[PDB]
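Q: Hey, dropping input-v7.cif in here, mmCIF, C-alpha atoms; chains and numbers go by the auth columns:
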data_start
#
loop_
_atom_site.group_PDB
_atom_site.id
_atom_site.type_symbol
_atom_site.label_atom_id
_atom_site.label_comp_id
_atom_site.label_asym_id
_atom_site.label_seq_id
_atom_site.Cartn_x
_atom_site.Cartn_y
_atom_site.Cartn_z
_atom_site.B_iso_or_equiv
_atom_site.auth_seq_id
_atom_site.auth_asym_id
ATOM 1 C CA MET A 1 0.000 0.000 0.000 0.00 1 A
ATOM 2 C CA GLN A 2 1.012 3.635 -0.366 0.00 2 A
ATOM 3 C CA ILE A 3 1.173 6.192 2.441 0.00 3 A
ATOM 4 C CA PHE A 4 2.148 9.857 2.407 0.00 4 A
ATOM 5 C CA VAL A 5 4.894 11.394 4.533 0.00 5 A
ATOM 6 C CA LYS A 6 4.783 15.174 4.943 0.00 6 A
ATOM 7 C CA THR A 7 7.940 17.155 5.684 0.00 7 A
ATOM 8 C CA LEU A 8 8.584 20.438 7.453 0.00 8 A
ATOM 9 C CA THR A 9 8.889 22.081 4.023 0.00 9 A
ATOM 10 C CA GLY A 10 5.360 20.946 3.116 0.00 10 A
ATOM 11 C CA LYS A 11 6.777 18.493 0.579 0.00 11 A
ATOM 12 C CA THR A 12 4.794 15.243 0.685 0.00 12 A
ATOM 13 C CA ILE A 13 6.516 12.064 -0.504 0.00 13 A
ATOM 14 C CA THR A 14 4.738 8.818 -1.366 0.00 14 A
ATOM 15 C CA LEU A 15 6.116 5.639 0.231 0.00 15 A
ATOM 16 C CA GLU A 16 5.160 2.013 -0.403 0.00 16 A
ATOM 17 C CA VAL A 17 4.767 0.165 2.897 0.00 17 A
ATOM 18 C CA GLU A 18 2.988 -2.815 4.374 0.00 18 A
ATOM 19 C CA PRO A 19 0.667 -2.640 7.405 0.00 19 A
ATOM 20 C CA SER A 20 3.038 -5.209 8.952 0.00 20 A
ATOM 21 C CA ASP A 21 5.982 -2.749 8.818 0.00 21 A
ATOM 22 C CA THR A 22 7.454 -1.704 12.138 0.00 22 A
ATOM 23 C CA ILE A 23 8.098 2.027 12.376 0.00 23 A
ATOM 24 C CA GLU A 24 11.781 1.100 12.310 0.00 24 A
ATOM 25 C CA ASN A 25 11.215 -0.691 8.989 0.00 25 A
ATOM 26 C CA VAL A 26 9.280 2.299 7.651 0.00 26 A
ATOM 27 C CA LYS A 27 12.349 4.422 8.420 0.00 27 A
ATOM 28 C CA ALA A 28 14.543 1.875 6.636 0.00 28 A
ATOM 29 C CA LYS A 29 12.297 2.297 3.600 0.00 29 A
ATOM 30 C CA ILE A 30 12.680 6.079 3.889 0.00 30 A
ATOM 31 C CA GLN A 31 16.449 5.529 4.042 0.00 31 A
ATOM 32 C CA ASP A 32 16.338 3.389 0.892 0.00 32 A
ATOM 33 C CA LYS A 33 14.224 5.892 -1.064 0.00 33 A
ATOM 34 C CA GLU A 34 15.661 9.194 0.184 0.00 34 A
ATOM 35 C CA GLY A 35 19.072 8.391 1.713 0.00 35 A
ATOM 36 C CA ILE A 36 18.359 9.570 5.279 0.00 36 A
ATOM 37 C CA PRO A 37 19.587 7.330 8.143 0.00 37 A
ATOM 38 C CA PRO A 38 16.733 6.233 10.422 0.00 38 A
ATOM 39 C CA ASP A 39 18.545 7.778 13.429 0.00 39 A
ATOM 40 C CA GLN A 40 17.850 11.199 11.832 0.00 40 A
ATOM 41 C CA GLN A 41 14.127 10.529 11.293 0.00 41 A
ATOM 42 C CA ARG A 42 11.236 11.346 13.616 0.00 42 A
ATOM 43 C CA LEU A 43 7.913 9.906 12.431 0.00 43 A
ATOM 44 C CA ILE A 44 4.761 11.553 13.757 0.00 44 A
ATOM 45 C CA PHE A 45 1.069 10.683 13.626 0.00 45 A
ATOM 46 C CA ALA A 46 -1.740 12.514 15.467 0.00 46 A
ATOM 47 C CA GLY A 47 0.960 14.980 16.548 0.00 47 A
ATOM 48 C CA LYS A 48 2.728 12.353 18.700 0.00 48 A
ATOM 49 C CA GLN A 49 5.899 10.465 17.817 0.00 49 A
ATOM 50 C CA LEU A 50 5.641 6.899 16.549 0.00 50 A
ATOM 51 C CA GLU A 51 7.537 4.184 18.413 0.00 51 A
ATOM 52 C CA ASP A 52 10.116 2.176 16.473 0.00 52 A
ATOM 53 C CA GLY A 53 8.914 -1.272 17.582 0.00 53 A
ATOM 54 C CA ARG A 54 5.197 -0.968 16.818 0.00 54 A
ATOM 55 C CA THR A 55 3.655 -1.507 13.384 0.00 55 A
ATOM 56 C CA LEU A 56 1.515 0.671 11.161 0.00 56 A
ATOM 57 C CA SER A 57 -1.250 -1.827 11.993 0.00 57 A
ATOM 58 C CA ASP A 58 -0.810 -1.131 15.732 0.00 58 A
ATOM 59 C CA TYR A 59 -1.629 2.538 15.002 0.00 59 A
ATOM 60 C CA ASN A 60 -4.476 1.598 12.610 0.00 60 A
ATOM 61 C CA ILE A 61 -2.612 3.457 9.844 0.00 61 A
ATOM 62 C CA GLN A 62 -4.124 2.643 6.447 0.00 62 A
ATOM 63 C CA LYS A 63 -3.401 3.258 2.785 0.00 63 A
ATOM 64 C CA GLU A 64 -3.056 6.964 1.944 0.00 64 A
ATOM 65 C CA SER A 65 -2.777 7.965 5.573 0.00 65 A
ATOM 66 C CA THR A 66 -0.516 10.987 6.009 0.00 66 A
ATOM 67 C CA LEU A 67 2.339 10.811 8.495 0.00 67 A
ATOM 68 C CA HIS A 68 4.784 13.577 9.359 0.00 68 A
ATOM 69 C CA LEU A 69 8.573 13.332 9.035 0.00 69 A
ATOM 70 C CA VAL A 70 10.748 15.613 11.163 0.00 70 A
ATOM 71 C CA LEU A 71 14.524 15.454 10.776 0.00 71 A
ATOM 72 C CA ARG A 72 16.779 15.722 13.819 0.00 72 A
ATOM 73 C CA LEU A 73 20.501 15.197 14.304 0.00 73 A
ATOM 74 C CA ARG A 74 21.046 12.223 16.565 0.00 74 A
ATOM 75 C CA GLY A 75 21.087 12.644 20.311 0.00 75 A
ATOM 76 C CA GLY A 76 23.878 12.876 22.849 0.00 76 A
#
As structure tokens - that is how I would like this structure written.
A:
Amino acid sequence: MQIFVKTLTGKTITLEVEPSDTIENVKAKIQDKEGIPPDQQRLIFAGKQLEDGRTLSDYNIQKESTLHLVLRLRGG
């Protein structure tokens, strides 16, 4: 299925995912498509950050849902 991922510039990218994807695997797919390491990615739905070890299914995220991607340089 396809989902949308909106960025802080308003750019929306389309990503092919499965409901069975962990959020970590969604970030790996963003890394494959766009070259950004998962450690630099914050994924947001309903205004609250998604947890790496849950799935899109666990959030009831469906085809053409729109997530938010915020980039951050890794923590110290």
Q: Would you mind listing what lies within 6 Å of residue 55 in chain A as a PyMOL selection string, with only C-alpha atoms counted and same-chain residues fewer than 3 positions away left out?
A: chain A and resi 20-23+58
Q: If the PyMOL selection byres ((chain A and resi 37) around 12) is run on the structure shown, which residues does it catch, given as a PyMOL selection string?
A: chain A and resi 24-36+38-42+71-74
Q: Would you put the residues from that selection into a file with C-alpha atoms, as a short mmCIF file (atom, residue, chain, number, x, y, z; two decimals), in the coordinates of the input?
A:
data_model
loop_
_atom_site.label_atom_id
_atom_site.label_comp_id
_atom_site.auth_asym_id
_atom_site.auth_seq_id
_atom_site.Cartn_x
_atom_site.Cartn_y
_atom_site.Cartn_z
CA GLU A 24 11.78 1.10 12.31
CA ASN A 25 11.22 -0.69 8.99
CA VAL A 26 9.28 2.30 7.65
CA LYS A 27 12.35 4.42 8.42
CA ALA A 28 14.54 1.88 6.64
CA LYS A 29 12.30 2.30 3.60
CA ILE A 30 12.68 6.08 3.89
CA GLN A 31 16.45 5.53 4.04
CA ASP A 32 16.34 3.39 0.89
CA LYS A 33 14.22 5.89 -1.06
CA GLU A 34 15.66 9.19 0.18
CA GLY A 35 19.07 8.39 1.71
CA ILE A 36 18.36 9.57 5.28
CA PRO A 38 16.73 6.23 10.42
CA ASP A 39 18.55 7.78 13.43
CA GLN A 40 17.85 11.20 11.83
CA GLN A 41 14.13 10.53 11.29
CA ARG A 42 11.24 11.35 13.62
CA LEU A 71 14.52 15.45 10.78
CA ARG A 72 16.78 15.72 13.82
CA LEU A 73 20.50 15.20 14.30
CA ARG A 74 21.05 12.22 16.57
#
Q: Excluding same-chain residues fewer than 2 positions from residue 1 in chain A, what lies within 10 Å of it counting all atoms listed in the file, as a PyMOL selection string?
A: chain A and resi 3+15-19+62-64
Q: Evaluated on this file, the PyMOL selection byres ((chain A and resi 5-7) around 9) picks out some residues - which ones are they, written as an NGL selection string?
A: :A and (3-4 or 8-15 or 43 or 65-71)
Q: From the block I gave, I'd like chain A written with C-alpha atoms, as a CSV table (one decimal), in the first residue's frame.
A:
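For reference, selection00.csv as written:
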chain,number,residue,atom,x,y,z
A,1,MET,CA,0.0,0.0,0.0
A,2,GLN,CA,1.0,3.6,-0.4
A,3,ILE,CA,1.2,6.2,2.4
A,4,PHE,CA,2.1,9.9,2.4
A,5,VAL,CA,4.9,11.4,4.5
A,6,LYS,CA,4.8,15.2,4.9
A,7,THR,CA,7.9,17.2,5.7
A,8,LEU,CA,8.6,20.4,7.5
A,9,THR,CA,8.9,22.1,4.0
A,10,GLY,CA,5.4,20.9,3.1
A,11,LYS,CA,6.8,18.5,0.6
A,12,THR,CA,4.8,15.2,0.7
A,13,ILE,CA,6.5,12.1,-0.5
A,14,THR,CA,4.7,8.8,-1.4
A,15,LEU,CA,6.1,5.6,0.2
A,16,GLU,CA,5.2,2.0,-0.4
A,17,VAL,CA,4.8,0.2,2.9
A,18,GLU,CA,3.0,-2.8,4.4
A,19,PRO,CA,0.7,-2.6,7.4
A,20,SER,CA,3.0,-5.2,9.0
A,21,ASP,CA,6.0,-2.7,8.8
A,22,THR,CA,7.5,-1.7,12.1
A,23,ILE,CA,8.1,2.0,12.4
A,24,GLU,CA,11.8,1.1,12.3
A,25,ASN,CA,11.2,-0.7,9.0
A,26,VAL,CA,9.3,2.3,7.7
A,27,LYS,CA,12.3,4.4,8.4
A,28,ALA,CA,14.5,1.9,6.6
A,29,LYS,CA,12.3,2.3,3.6
A,30,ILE,CA,12.7,6.1,3.9
A,31,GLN,CA,16.4,5.5,4.0
A,32,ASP,CA,16.3,3.4,0.9
A,33,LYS,CA,14.2,5.9,-1.1
A,34,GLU,CA,15.7,9.2,0.2
A,35,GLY,CA,19.1,8.4,1.7
A,36,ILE,CA,18.4,9.6,5.3
A,37,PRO,CA,19.6,7.3,8.1
A,38,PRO,CA,16.7,6.2,10.4
A,39,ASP,CA,18.5,7.8,13.4
A,40,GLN,CA,17.8,11.2,11.8
A,41,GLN,CA,14.1,10.5,11.3
A,42,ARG,CA,11.2,11.3,13.6
A,43,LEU,CA,7.9,9.9,12.4
A,44,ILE,CA,4.8,11.6,13.8
A,45,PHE,CA,1.1,10.7,13.6
A,46,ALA,CA,-1.7,12.5,15.5
A,47,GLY,CA,1.0,15.0,16.5
A,48,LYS,CA,2.7,12.4,18.7
A,49,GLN,CA,5.9,10.5,17.8
A,50,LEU,CA,5.6,6.9,16.5
A,51,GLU,CA,7.5,4.2,18.4
A,52,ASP,CA,10.1,2.2,16.5
A,53,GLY,CA,8.9,-1.3,17.6
A,54,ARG,CA,5.2,-1.0,16.8
A,55,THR,CA,3.7,-1.5,13.4
A,56,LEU,CA,1.5,0.7,11.2
A,57,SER,CA,-1.3,-1.8,12.0
A,58,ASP,CA,-0.8,-1.1,15.7
A,59,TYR,CA,-1.6,2.5,15.0
A,60,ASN,CA,-4.5,1.6,12.6
A,61,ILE,CA,-2.6,3.5,9.8
A,62,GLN,CA,-4.1,2.6,6.4
A,63,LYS,CA,-3.4,3.3,2.8
A,64,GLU,CA,-3.1,7.0,1.9
A,65,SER,CA,-2.8,8.0,5.6
A,66,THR,CA,-0.5,11.0,6.0
A,67,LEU,CA,2.3,10.8,8.5
A,68,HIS,CA,4.8,13.6,9.4
A,69,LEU,CA,8.6,13.3,9.0
A,70,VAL,CA,10.7,15.6,11.2
A,71,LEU,CA,14.5,15.5,10.8
A,72,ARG,CA,16.8,15.7,13.8
A,73,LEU,CA,20.5,15.2,14.3
A,74,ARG,CA,21.0,12.2,16.6
A,75,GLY,CA,21.1,12.6,20.3
A,76,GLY,CA,23.9,12.9,22.8
